[PDB]
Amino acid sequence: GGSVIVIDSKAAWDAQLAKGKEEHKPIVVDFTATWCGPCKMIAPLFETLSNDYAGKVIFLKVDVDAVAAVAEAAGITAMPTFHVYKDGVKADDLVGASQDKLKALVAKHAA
């Protein structure tokens, strides 16, 4: 929901990373699974932040069930995992469902 873009393929993943690089806007990615309890707890906040920071930060969702190859390439082991991408490459990450830490991560990289 919100302004989150659901990634459905490797091709779409690459295209969004390239757009963030061209637009000079950071990307925050939620790597998630519907069997993961904490993922469902923090997803509403991820979507709220995607609305609050729309225009400043790009928000993507990667369901590891839908795009296993992108999750594997990203080195995910625990969920939820949030990654920040700038200029095509990983710049920061945050693991777990802490609401304060997610708010801080977005504020840091939107600045």
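Quick note: we count residues from 1 along the sequence shown, nothing fancier.
Comparing 27 to 35 with 50 to 58, the stretch with the higher mean C-alpha B-factor in the PDB entry is 50 to 58. Per the deposited record, the Cα B-factor of residue 7 falls in the lowest third when ranked against the other modelled residues of its chain.
In the deposited entry, the Cα temperature factor of residue 106 sits in the bottom third of values across the chain's modelled residues. Ranked against the other modelled residues of its chain, the C-alpha B-factor of residue 89 as given in the entry falls in the highest third. Compared with the other modelled residues of the chain, the Cα B-factor recorded for residue 66 ranks in the highest third. Residue 41 sits in the middle third of its chain by CA B factor, as recorded in the PDB entry.
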